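So the structure is just underneath, and the comments pick up after that.
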Number of protein chains: 4
Amino acid sequence: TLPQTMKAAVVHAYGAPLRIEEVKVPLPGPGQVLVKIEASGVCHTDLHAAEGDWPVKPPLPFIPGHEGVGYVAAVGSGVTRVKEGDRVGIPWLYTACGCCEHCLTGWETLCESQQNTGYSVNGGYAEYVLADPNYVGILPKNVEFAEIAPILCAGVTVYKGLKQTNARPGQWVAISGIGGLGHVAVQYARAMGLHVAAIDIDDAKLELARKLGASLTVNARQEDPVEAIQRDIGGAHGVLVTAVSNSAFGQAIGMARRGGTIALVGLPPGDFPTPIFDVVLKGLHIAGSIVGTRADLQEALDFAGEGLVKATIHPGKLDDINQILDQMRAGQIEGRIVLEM
Amino acid sequence: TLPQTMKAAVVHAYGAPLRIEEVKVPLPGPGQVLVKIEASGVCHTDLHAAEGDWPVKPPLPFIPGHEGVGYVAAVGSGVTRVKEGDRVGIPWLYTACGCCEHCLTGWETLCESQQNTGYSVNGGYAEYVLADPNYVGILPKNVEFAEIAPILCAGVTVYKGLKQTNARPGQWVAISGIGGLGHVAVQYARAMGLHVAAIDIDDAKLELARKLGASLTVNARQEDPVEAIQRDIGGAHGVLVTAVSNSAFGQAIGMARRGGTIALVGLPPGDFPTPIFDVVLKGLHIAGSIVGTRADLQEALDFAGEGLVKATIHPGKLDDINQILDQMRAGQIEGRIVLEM
Amino acid sequence: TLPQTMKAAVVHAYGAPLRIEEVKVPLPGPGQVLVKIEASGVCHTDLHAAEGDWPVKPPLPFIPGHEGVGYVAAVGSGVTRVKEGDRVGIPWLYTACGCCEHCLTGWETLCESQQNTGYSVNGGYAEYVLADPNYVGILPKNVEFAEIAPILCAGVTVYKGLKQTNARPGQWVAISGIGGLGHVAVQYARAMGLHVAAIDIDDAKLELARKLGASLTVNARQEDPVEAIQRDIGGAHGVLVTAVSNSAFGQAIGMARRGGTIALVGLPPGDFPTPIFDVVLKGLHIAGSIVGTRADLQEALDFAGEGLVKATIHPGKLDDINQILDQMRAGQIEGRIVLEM
Amino acid sequence: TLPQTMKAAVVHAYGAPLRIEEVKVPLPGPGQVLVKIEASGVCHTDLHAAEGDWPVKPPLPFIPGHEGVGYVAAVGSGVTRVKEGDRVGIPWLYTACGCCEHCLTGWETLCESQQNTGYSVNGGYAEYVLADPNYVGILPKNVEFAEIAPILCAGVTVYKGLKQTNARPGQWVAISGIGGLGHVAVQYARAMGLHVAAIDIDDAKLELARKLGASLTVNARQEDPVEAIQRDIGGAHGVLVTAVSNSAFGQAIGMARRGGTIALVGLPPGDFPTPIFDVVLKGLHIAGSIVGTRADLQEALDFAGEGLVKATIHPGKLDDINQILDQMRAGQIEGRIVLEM
Ligand SMILES: NC(=O)c1ccc[n+]([C@@H]2O[C@H](COP(=O)([O-])OP(=O)(O)OC[C@H]3O[C@@H](n4cnc5c(N)ncnc54)[C@H](O)[C@@H]3O)[C@@H](O)[C@H]2O)c1
Ligand SMILES: NC(=O)c1ccc[n+]([C@@H]2O[C@H](COP(=O)([O-])OP(=O)(O)OC[C@H]3O[C@@H](n4cnc5c(N)ncnc54)[C@H](O)[C@@H]3O)[C@@H](O)[C@H]2O)c1
Ligand SMILES: NC(=O)c1ccc[n+]([C@@H]2O[C@H](COP(=O)([O-])OP(=O)(O)OC[C@H]3O[C@@H](n4cnc5c(N)ncnc54)[C@H](O)[C@@H]3O)[C@@H](O)[C@H]2O)c1
Ligand SMILES: NC(=O)c1ccc[n+]([C@@H]2O[C@H](COP(=O)([O-])OP(=O)(O)OC[C@H]3O[C@@H](n4cnc5c(N)ncnc54)[C@H](O)[C@@H]3O)[C@@H](O)[C@H]2O)c1
Ligand SMILES: [Zn+2]
Ligand SMILES: [Zn+2]
Ligand SMILES: [Zn+2]
Ligand SMILES: [Zn+2]
Ligand SMILES: [Zn+2]
Ligand SMILES: [Zn+2]
Ligand SMILES: [Zn+2]
Ligand SMILES: [Zn+2]
């Protein structure tokens, strides 16, 4: 029964490598539940969090991680949505007010009163996590913790981004960047009746793309994505930008078909110059997309449950976390790194 | 009995003054008609064309003008849509192929085989204009030439742009740039049940907006437009950028509410900045819109026929086109200047 | 402080006239609030409730009324959305689970776990009402209780139904039945940029329609609505069916323009024969619409607050309720009857 | 060198057997082409036409067939879209005006000035057919005549119907009637990422559906289809009714999930029942869909070109058309019977 104490990679300074330190096990107060983390995925956003890469930096000291999945250990008072033992996941969208303009219209994702797991509230880089039962993800029974962990963020984000491009079955989607989110985006696009064109700067990643269903591949370092896509398919109906690069964005605009949509999911910093003439005359749409809604999450989880999407995960230990992060900043990760516990 | 010769304003060199000269009156070939210009609107696009601001420039020399309105004076063989004496207008979209992806799906506007009146084909800065009967606008009988001229471009464009915004009745739309396009957008926006926030850089232009239905008025030369819209209404559900300013485009994006849509219609040369991080986290949509479809055009014209939209025009003479364009360069025009032949 | 006892028109038998009987004043338990009813509208659905007109009949004995508006008298424990004294309204949608397929996607209105005010839970035909703070309507400060009461049901229902027809500004909407919901539907349609065609079987009601903005009127008892609408406007883009009649439905289908949408809001019983050939070949859409979502309710309330919609209300006393109901079953009501208290 | 005479199956009286007779081979007038029929699909619409089941009947005598496929044999003057030797098909939508509300908005399908192949104009139950080059389907080069014939109607229709359903990848669609249209709808539905529940009245037809991708199979002659779909999947997000049965239409509506859409494509004569109360409370949408647009047709054909859809066909001879239609009357056809000239 509850260790009363757990280990967790905590962040005390922006840029200062985390430190595994046995800390207290939270207690499920009213409207809360405790989750024993079985697996926990490592998202690129975890780096941006402990690296104070964004305007609203994470209050220190925090525990990152929003791809934490496990069993409901304890149940706070009033909790109806989940019971003890339930296999659940705690995503980026920790909570939302539930009654504002966006929450009432199905866009809780844009709620200004939201909390974010592993950023403004402690996450899954620990053995236990406190979660809001109403925003937690109900996992499919037929998939192991290590496998669905990625869906908790890379999965929903990519799935929702694809919905945001509005590309219909039989059409093309150009996926810029086949990394953590990218290799899983190829699978969702596939399952959504879309022809996939994969763009990256590493042949290994491009190879994985073909294994996953991509019928067109382009190494942006060996050839121009823009004219390759425009020449071979006439422009993609939808474009999903995963790349964190600077040039990737401009090439995404250029790879788009007339009247097509470029869905932005990557979070690079700063303003990006965009061709006025091209966007207006070609009637291009640029859509910003953040993770997913609870409905999006459940839908994204269903695809995994149907076996239509399998994340390419590589195991990792909680203490080797710093090595793992440095590996992602260097882009030396092939797929998604899910922490075992 | 058709002059055989006519006066027209010609652009022979970029940046150079136009020259009023005598040119041969064209004869309607098989699928064409000759329109006798009665009124002709001056659009800022004519400035960009005469100045050679865009990536794709208008071959020289040429006669500008895509807000030309008048009577069908002669009909070529095989023409069926209109007949001699019909009151008709020749807009930016001169023709389209009629059988490509875009043309078949209600987006002839994105057709790659289109021609543009007063740019790639001669336009209305003349006494007569050749035209494709199939793309000409059919004018409402109760509105006078000079008054409906602006709807051939400023009206359709702005109307389709407001539709691309997806703002529904009761919602707010921030319109940046209250000129030829903008002053008419205020009217279409009101007729569409929207609350209007107008942004410009001249108090006289904001007063025109107020007179036309704008509830909130902001002068960007006196205060920060972004914090003004964000402070006074919390951001607009829809934003329509008409302004010939790259920075105005960046500010426009900052005027949107979470989940809002920014329709880009202005064509200043160069690039505009996309704050990816903000666009993503706020779930913003940016949409480039080009003039309007034939269906869009007739719908736009109907609003004018209903008296719901009335362009603010000022008469002009073909011989004074250089000083008129100078007046536009200096932003000294209230609404639109419409040439009368 | 709380009367501890209140009067209320209760229903003890389906068909057996209600009876005003001083009963206990409910106490706001956790997650609840008490509302002192200042005004309470009488909806046609109240008859269907005490007349066991529907499959799932109201548990007896109940207090009908879902257009009850007043002040928040008491606040249960945990309540955050509303404070004591707040002017609020309790609509048809009493509560919903908040985490099901429909609730997560913005359609709480279709929640199978919902409760309905004045049907499955006591309503506003009393001096006080227990409500769920999260589904109650936040009223606009500038409108008196007697006036916004109708919006709590007739308003939102009609507003949402109009949205469901998808008729865009500048287009036509045929409103079949200008009664409780109908006369307020003419105002919303008006405020939504729609041209209104009013259909009824009473000239008095049709007269009110013209006063409210209808530009086309038809007494279905004096002339055929179908050919009148088809001849005068070519078919309405949208049709909103308020009538409880049998023939009204078939005429609504016939009054629709090709590709148009007939939005059903009226709740007559039984199956209605529909022309297969006409619906298929004319690409007609039939949309069932129930009251509104919390977002729809707030949006509908905003129109009243802007003064764009004014319900035509007639005062009534709680004890004269039976007379009032018999008056509605006979169709002798001109507008909406709001109970004073 | 063009026979000058050809064999064709003619309908001279409703209900009476067709007569194979010699008729003059038409000559392409100005905007026409002559197509030499190589394969011709038998559609149930041909039965309704020969039987005179519809409100608007086909003038007698006439040659049915709107799934006629072949080579352009002769071109009239002014024809530009196709040229001699092109593999092309003549569908139900023979021509349209090209400039009305519907034609200009991507809905030429609803054009009031259209003509229908094998109904108001002679069709493919012959060796040659006159056609309007602008509405003919352009066949993929890698698919054989007999195999693509059904896409000219069964395929496009069913494909556009599934789109009208609005069911997105991962969702369920219940397809009622697995015949010519239905067996091909199962394939388009799968290619669109949908889970398929097939309903028919013959086990052999359900087995065909299973082989083509259906997950749930229901025989309406053995069990209540409605409670079966409602029990096994809780209702389908989308429903597509192909069945030549009025009651099947009522049952189809009962197969939808709350908020679901039922696309009506079948054309049995008479009316279908709309349970208004259920449609309203469940927020259901009923949509009538007619064949498909030229854009729809090319998209439908592309799926076939991609090998994602393959019609199950059986060869037939023009001389055996009466026995073939008898076979259809008795529901003894597996998929489609395609005549080979
Ligand atoms: N929108 C959201 O809700 C959300 C959720 C997931 C992560 N994040 C964002 O996702 C991004 C990282 O994705 P992962 O998928 O987490 O990261 P990753 O580092 O594993 O993958 C990025 C991929 O981009 C590719 N790439 C780099 N430059 C490129 C170029 N010029 N052209 C084409 N491809 C290029 C790399 O080769 C790599 O495979 C970050 O910007 C992060 O902040 C956002
Ligand atoms: N996308 C299309 O289909 C389309 C069709 C119409 C015209 N054009 C473009 O519309 C633009 C001009 O519109 P008109 O309506 O033709 O022009 P205009 O010159 O009459 O009006 C432009 C308005 O922008 C205002 N403005 C300038 N700088 C501003 C700033 N920083 N912030 C806010 N407002 C500012 C001016 O004061 C002026 O009122 C041109 O770029 C033209 O090419 C595009
Ligand atoms: N969908 C919902 O959420 C919802 C909410 C409001 C009320 N209800 C339904 O609204 C209906 C009653 O509306 P009110 O607006 O409450 O009722 P009402 O009785 O005041 O008005 C009905 C109107 O129908 C008109 N009418 C009757 N026969 C007609 C015909 N053949 N053609 C044209 N008009 C005809 C009458 O003259 C009358 O004005 C009921 O069916 C009720 O159950 C449904
Ligand atoms: N709306 C359109 O654009 C369009 C275009 C294609 C064909 N048509 C219509 O499609 C229908 C025929 O389709 P085919 O695909 O041409 O016909 P078909 O005869 O090959 O197939 C009809 C199928 O319906 C099944 N069926 C009969 N009764 C049923 C019931 N009660 N429940 C479930 N299934 C039942 C049959 O067993 C059969 O498999 C006709 O009404 C025809 O006119 C319409
Ligand atoms: Zn993440
Ligand atoms: Zn919120
Ligand atoms: Zn212009
Ligand atoms: Zn084209
Ligand atoms: Zn009601
Ligand atoms: Zn619910
Ligand atoms: Zn057919
Ligand atoms: Zn037409």
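Simple scheme: letters A, B, ... for chains in structure tokens order, numbers from 1 for residues in each chain, numbers from 1 for ligands in the order shown.
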- Message: I need the contact residues of chain C against chain A, so if you could list those with any atom within 12 Å, counting only C-alpha atoms, and return them as a VMD selection string, that would help.
- Response: chain C and resid 30 to 31 78 80 to 82 97 to 109 133 to 138 292 to 299
- Residues within 7 Å of ligand 3 should be enumerated using only C-alpha atoms and all ligand atoms and returned as number ranges by chain. C: 43-45, 48, 153-154, 157, 176-182, 199-202, 205, 220, 242-248, 265-268, 289-291, 328, 331, 333, 335; D: 280
For C-alpha atoms, I'd like the residues from the last selection saved as an mmCIF file, in the first residue's frame.
data_model
loop_
_atom_site.group_PDB
_atom_site.id
_atom_site.type_symbol
_atom_site.label_atom_id
_atom_site.label_comp_id
_atom_site.auth_asym_id
_atom_site.auth_seq_id
_atom_site.Cartn_x
_atom_site.Cartn_y
_atom_site.Cartn_z
ATOM 1 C CA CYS C 43 -43.809 25.849 -23.296
ATOM 2 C CA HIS C 44 -45.981 23.619 -25.501
ATOM 3 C CA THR C 45 -43.818 20.768 -24.223
ATOM 4 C CA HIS C 48 -46.963 16.951 -23.702
ATOM 5 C CA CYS C 153 -36.342 27.286 -24.452
ATOM 6 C CA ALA C 154 -38.279 28.779 -27.373
ATOM 7 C CA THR C 157 -34.386 25.849 -29.641
ATOM 8 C CA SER C 176 -43.539 26.899 -40.705
ATOM 9 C CA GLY C 177 -45.651 27.906 -37.721
ATOM 10 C CA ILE C 178 -45.346 31.380 -36.181
ATOM 11 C CA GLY C 179 -46.302 30.531 -32.609
ATOM 12 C CA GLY C 180 -44.362 30.302 -29.352
ATOM 13 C CA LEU C 181 -41.122 29.318 -31.071
ATOM 14 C CA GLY C 182 -42.067 30.650 -34.495
ATOM 15 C CA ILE C 199 -46.161 30.218 -43.004
ATOM 16 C CA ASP C 200 -49.171 29.669 -40.708
ATOM 17 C CA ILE C 201 -52.955 29.120 -40.682
ATOM 18 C CA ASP C 202 -53.921 32.333 -38.838
ATOM 19 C CA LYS C 205 -49.984 35.261 -36.456
ATOM 20 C CA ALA C 220 -51.561 27.641 -45.581
ATOM 21 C CA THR C 242 -42.403 24.599 -35.649
ATOM 22 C CA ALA C 243 -45.923 23.440 -36.543
ATOM 23 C CA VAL C 244 -47.340 20.496 -34.596
ATOM 24 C CA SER C 245 -49.590 19.673 -37.589
ATOM 25 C CA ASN C 246 -49.560 16.608 -39.871
ATOM 26 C CA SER C 247 -49.615 18.338 -43.235
ATOM 27 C CA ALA C 248 -47.086 21.011 -42.217
ATOM 28 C CA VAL C 265 -37.985 21.253 -33.966
ATOM 29 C CA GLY C 266 -41.713 20.487 -33.492
ATOM 30 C CA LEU C 267 -42.485 17.249 -31.626
ATOM 31 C CA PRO C 268 -45.641 15.730 -33.152
ATOM 32 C CA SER C 289 -32.832 19.610 -33.497
ATOM 33 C CA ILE C 290 -33.337 19.506 -29.658
ATOM 34 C CA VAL C 291 -33.244 22.705 -27.574
ATOM 35 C CA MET C 328 -52.452 26.514 -25.760
ATOM 36 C CA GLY C 331 -53.992 27.423 -29.990
ATOM 37 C CA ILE C 333 -52.165 32.052 -27.431
ATOM 38 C CA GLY C 335 -46.915 34.753 -28.453
ATOM 39 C CA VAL D 280 -35.451 15.433 -33.110
#
- Neighbours of residue 317 (chain D) within 9 Å (only C-alpha atoms; same-chain residues fewer than 6 positions away dropped), as number ranges by chain? D: 324, 338-341
Expected file: the selected residues, C-alpha atoms, as a PDB file, in the first residue's frame:
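For reference, result_14.pdb as written:
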ATOM      1  CA  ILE D 324     -30.735 -10.267 -66.961  1.00  0.00           C
ATOM      2  CA  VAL D 338     -22.033  -5.836 -66.990  1.00  0.00           C
ATOM      3  CA  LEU D 339     -23.014  -6.185 -70.627  1.00  0.00           C
ATOM      4  CA  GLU D 340     -20.165  -6.751 -73.082  1.00  0.00           C
ATOM      5  CA  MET D 341     -20.679  -5.500 -76.651  1.00  0.00           C
TER       6      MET D 341
END
- Task: Could you tell me how far CA of residue 283 (chain A) lies from CA of residue 287 (chain B), in Å and to one decimal?
- Result: 6.7 Å
If we count only C-alpha atoms and set the cut-off at 12 Å, which residues sit around residue 51 (chain A), ignoring sequence neighbours fewer than 5 positions away in its own chain? Please answer as a PDB file with N, CA, C and O atoms, in the first residue's frame.
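The file below, out.pdb, is the result:
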ATOM      1  N   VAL A  11      13.232  18.795 -11.848  1.00  0.00           N
ATOM      2  CA  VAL A  11      13.960  19.906 -12.461  1.00  0.00           C
ATOM      3  C   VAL A  11      14.060  21.085 -11.488  1.00  0.00           C
ATOM      4  O   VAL A  11      13.040  21.614 -11.039  1.00  0.00           O
ATOM      5  N   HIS A  12      15.289  21.491 -11.169  1.00  0.00           N
ATOM      6  CA  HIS A  12      15.516  22.604 -10.249  1.00  0.00           C
ATOM      7  C   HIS A  12      16.028  23.869 -10.938  1.00  0.00           C
ATOM      8  O   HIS A  12      16.012  24.954 -10.350  1.00  0.00           O
ATOM      9  N   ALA A  13      16.480  23.730 -12.181  1.00  0.00           N
ATOM     10  CA  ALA A  13      16.984  24.870 -12.940  1.00  0.00           C
ATOM     11  C   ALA A  13      16.837  24.631 -14.436  1.00  0.00           C
ATOM     12  O   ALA A  13      17.014  23.508 -14.911  1.00  0.00           O
ATOM     13  N   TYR A  14      16.515  25.694 -15.170  1.00  0.00           N
ATOM     14  CA  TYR A  14      16.334  25.617 -16.618  1.00  0.00           C
ATOM     15  C   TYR A  14      17.681  25.461 -17.314  1.00  0.00           C
ATOM     16  O   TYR A  14      18.418  26.434 -17.488  1.00  0.00           O
ATOM     17  N   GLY A  15      17.992  24.232 -17.716  1.00  0.00           N
ATOM     18  CA  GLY A  15      19.254  23.961 -18.377  1.00  0.00           C
ATOM     19  C   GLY A  15      20.105  23.045 -17.520  1.00  0.00           C
ATOM     20  O   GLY A  15      21.020  22.386 -18.015  1.00  0.00           O
ATOM     21  N   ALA A  16      19.792  23.008 -16.225  1.00  0.00           N
ATOM     22  CA  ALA A  16      20.509  22.171 -15.267  1.00  0.00           C
ATOM     23  C   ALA A  16      19.902  20.771 -15.244  1.00  0.00           C
ATOM     24  O   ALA A  16      18.777  20.582 -14.774  1.00  0.00           O
ATOM     25  N   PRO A  17      20.652  19.768 -15.738  1.00  0.00           N
ATOM     26  CA  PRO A  17      20.195  18.374 -15.782  1.00  0.00           C
ATOM     27  C   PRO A  17      19.397  17.937 -14.559  1.00  0.00           C
ATOM     28  O   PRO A  17      19.747  18.259 -13.424  1.00  0.00           O
ATOM     29  N   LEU A  18      18.314  17.206 -14.811  1.00  0.00           N
ATOM     30  CA  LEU A  18      17.440  16.717 -13.754  1.00  0.00           C
ATOM     31  C   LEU A  18      18.209  15.886 -12.740  1.00  0.00           C
ATOM     32  O   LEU A  18      19.369  15.542 -12.959  1.00  0.00           O
ATOM     33  N   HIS A  44       9.458  15.553 -26.806  1.00  0.00           N
ATOM     34  CA  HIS A  44      10.382  16.648 -27.086  1.00  0.00           C
ATOM     35  C   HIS A  44      10.031  17.880 -26.262  1.00  0.00           C
ATOM     36  O   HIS A  44      10.892  18.709 -25.967  1.00  0.00           O
ATOM     37  N   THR A  45       8.759  17.996 -25.903  1.00  0.00           N
ATOM     38  CA  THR A  45       8.274  19.118 -25.113  1.00  0.00           C
ATOM     39  C   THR A  45       8.814  19.082 -23.682  1.00  0.00           C
ATOM     40  O   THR A  45       8.781  20.092 -22.964  1.00  0.00           O
ATOM     41  N   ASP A  46       9.310  17.918 -23.270  1.00  0.00           N
ATOM     42  CA  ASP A  46       9.874  17.779 -21.934  1.00  0.00           C
ATOM     43  C   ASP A  46      11.176  18.589 -21.887  1.00  0.00           C
ATOM     44  O   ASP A  46      11.499  19.203 -20.867  1.00  0.00           O
ATOM     45  N   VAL A  56       5.976  31.123 -20.949  1.00  0.00           N
ATOM     46  CA  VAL A  56       5.450  30.713 -19.651  1.00  0.00           C
ATOM     47  C   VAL A  56       6.217  29.471 -19.211  1.00  0.00           C
ATOM     48  O   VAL A  56       5.819  28.341 -19.498  1.00  0.00           O
ATOM     49  N   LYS A  57       7.330  29.695 -18.522  1.00  0.00           N
ATOM     50  CA  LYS A  57       8.180  28.608 -18.054  1.00  0.00           C
ATOM     51  C   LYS A  57       7.553  27.845 -16.885  1.00  0.00           C
ATOM     52  O   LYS A  57       6.783  28.406 -16.098  1.00  0.00           O
ATOM     53  N   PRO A  58       7.877  26.547 -16.765  1.00  0.00           N
ATOM     54  CA  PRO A  58       7.362  25.670 -15.707  1.00  0.00           C
ATOM     55  C   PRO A  58       7.806  26.073 -14.308  1.00  0.00           C
ATOM     56  O   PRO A  58       8.996  26.241 -14.052  1.00  0.00           O
ATOM     57  N   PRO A  59       6.853  26.240 -13.380  1.00  0.00           N
ATOM     58  CA  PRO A  59       7.254  26.618 -12.022  1.00  0.00           C
ATOM     59  C   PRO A  59       8.235  25.578 -11.468  1.00  0.00           C
ATOM     60  O   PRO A  59       7.990  24.371 -11.569  1.00  0.00           O
ATOM     61  N   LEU A  60       9.346  26.046 -10.902  1.00  0.00           N
ATOM     62  CA  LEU A  60      10.359  25.153 -10.338  1.00  0.00           C
ATOM     63  C   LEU A  60      10.154  24.921  -8.845  1.00  0.00           C
ATOM     64  O   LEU A  60       9.707  25.816  -8.126  1.00  0.00           O
ATOM     65  N   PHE A  62       9.819  21.221 -10.822  1.00  0.00           N
ATOM     66  CA  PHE A  62       8.749  20.362 -11.315  1.00  0.00           C
ATOM     67  C   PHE A  62       9.236  19.016 -11.840  1.00  0.00           C
ATOM     68  O   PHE A  62      10.432  18.797 -12.025  1.00  0.00           O
ATOM     69  N   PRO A  64       8.676  16.702 -15.042  1.00  0.00           N
ATOM     70  CA  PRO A  64       8.069  16.658 -16.379  1.00  0.00           C
ATOM     71  C   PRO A  64       7.409  15.313 -16.708  1.00  0.00           C
ATOM     72  O   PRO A  64       7.419  14.390 -15.889  1.00  0.00           O
ATOM     73  N   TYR A 119       4.434  20.219 -16.369  1.00  0.00           N
ATOM     74  CA  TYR A 119       4.787  21.585 -16.725  1.00  0.00           C
ATOM     75  C   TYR A 119       4.342  22.543 -15.615  1.00  0.00           C
ATOM     76  O   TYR A 119       5.175  23.107 -14.899  1.00  0.00           O
ATOM     77  N   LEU A 325      17.493  12.702 -22.664  1.00  0.00           N
ATOM     78  CA  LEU A 325      17.179  14.053 -23.117  1.00  0.00           C
ATOM     79  C   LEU A 325      18.254  14.605 -24.059  1.00  0.00           C
ATOM     80  O   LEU A 325      17.938  15.168 -25.115  1.00  0.00           O
ATOM     81  N   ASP A 326      19.522  14.436 -23.676  1.00  0.00           N
ATOM     82  CA  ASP A 326      20.646  14.907 -24.485  1.00  0.00           C
ATOM     83  C   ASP A 326      20.649  14.184 -25.822  1.00  0.00           C
ATOM     84  O   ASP A 326      21.158  14.695 -26.819  1.00  0.00           O
ATOM     85  N   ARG A 329      17.967  16.027 -27.926  1.00  0.00           N
ATOM     86  CA  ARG A 329      18.388  17.369 -28.320  1.00  0.00           C
ATOM     87  C   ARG A 329      19.356  17.221 -29.491  1.00  0.00           C
ATOM     88  O   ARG A 329      19.487  18.116 -30.326  1.00  0.00           O
TER      89      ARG A 329
END
- Would you mind listing what lies within 10 Å of residue 115 (chain D) as an MDAnalysis selection string, with only C-alpha atoms counted and same-chain residues fewer than 4 positions away left out? chainID D and resid 92:97 111 119:121
- All strand (DSSP E or B) positions in region 62-309 of chain D, as a PyMOL selection string: chain D and resi 62+68-75+87-90+93-95+115-117+121+126+128-131+137-138+172-176+195-200+216-219+236-241+256-264+271-275+285-288
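With distances taken over only C-alpha atoms and all ligand atoms, B:113 is the one residue among B:47, B:113, B:147, B:67 lying closest to ligand 8.
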- Distance in Å - CA of residue 68 (chain D) versus CA of residue 173 (chain D): 29.4 Å
